[PDB]
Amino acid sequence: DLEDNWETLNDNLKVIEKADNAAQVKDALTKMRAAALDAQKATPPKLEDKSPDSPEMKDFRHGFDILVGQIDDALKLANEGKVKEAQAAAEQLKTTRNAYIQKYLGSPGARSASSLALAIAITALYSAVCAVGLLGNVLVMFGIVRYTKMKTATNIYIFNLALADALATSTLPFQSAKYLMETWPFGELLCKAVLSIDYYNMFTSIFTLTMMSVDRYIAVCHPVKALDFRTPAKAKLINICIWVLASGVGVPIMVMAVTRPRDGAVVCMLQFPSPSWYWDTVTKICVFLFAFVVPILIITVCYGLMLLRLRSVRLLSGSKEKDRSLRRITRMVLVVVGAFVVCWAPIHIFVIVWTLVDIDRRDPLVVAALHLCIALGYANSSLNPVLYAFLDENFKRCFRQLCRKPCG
């Protein structure tokens, strides 16, 4: 209510300076006056702790009284067709606004300024995530393809995470541009690509982590039975099944993703069939369930039992060297899974809150928090290759060898 009044007041001052004619000035003055009278009835957030009779609230009201009277005088000029004189009076309005109202409401366009500062912060973070995650995950993929010692079932699942992570990080410079420009300049096909990739990363990542966790559970807790379940070839086939299952959501996203005009700009968005708010809500609930709660419950059972096994048995296999290896690989999986949960839980919860709950969605701290949770979800992509290199001696060694011989 007050926020909107303050913007309209300030926006219309600008219209007046830009006006071609008296009618445009009269119209803008008329809106400024309406906005001013509404603002005058309200309490600034800063003054919530004060009496209506305090020197602060007296001052705030006095300012709008002065402003309204100046608008009344300028309207008489505009009504009589005197555009230059009307425009000149709008200059005096800035003085009043600055001396009395900005005191309490903050600088005009402070909200816009925060939006821009956030977009610049997002761009910087997204550029870092993109560089580390794209380059890092491409190396992981080439490394696994190149080396025989790298083709283990666990690492075939890691290949799947890397593919998703490479795709997602490749979108980030486009998303940055969108945030800075406050519009989508890239056309509909790229919109479909970016939205689809975004959802495929979300679904394939968690499906892959669930299968990695089950695979590791089998390896650690059922080592004899494991021979009948675990091979690199089987993990590769499960990866394909993961992408096919994820396409259940992916292909509908591909179809529904469109560019639409919205408030002078172009938005890249999902067009749900009617009633759109309903299918949006159903989809968000299903994402919360099947991309977050359900796989995390599965993983938690496997995770807890792996922890119990690791402390309840002296040796997981024949030799201390190999035991050590199985324990190290298991720890790496547990860290990767843990890092995923820490990076993605905040945004999963926040999407549900934003969609279903009556929060203040235009509040800058709430918007910044939301965007930081989104960024944290992407940052998981850049984190992973770093985790693999520090937690698995074979990744470290094969990263070095790949770089020694890029072409063999």
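Each residue number is its position in the shown sequence, starting from 1.
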Of the two stretches 106 to 114 and 143 to 151, which shows the higher Cα B-factor on average in the entry? 106 to 114
Which is higher on average in the deposited entry, the C-alpha temperature factors of 349 to 357 or of 37 to 45? 37 to 45
Pick out which of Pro173, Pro295, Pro275, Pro232 has the highest C-alpha B-factor in the PDB entry. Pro275
If you compare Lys284, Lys192, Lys225, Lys236, which has the highest Cα B-factor in the entry? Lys225
Lowest, middle or highest third: which one holds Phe288 when the chain's residues are ordered by CA B-factor from the entry? lowest
Should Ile66 be placed in the lowest, middle or highest third of its chain by the C-alpha B factor in the entry? middle
For the chain shown, is the CA B-factor of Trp279 in the lowest, middle or highest third of its modelled residues? middle
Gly338 by Cα B-factor - lowest, middle or highest third of the modelled chain: middle
Per the entry's values, where does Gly264 land by CA temperature factor relative to the rest of its chain, in the lowest, middle or highest third? highest
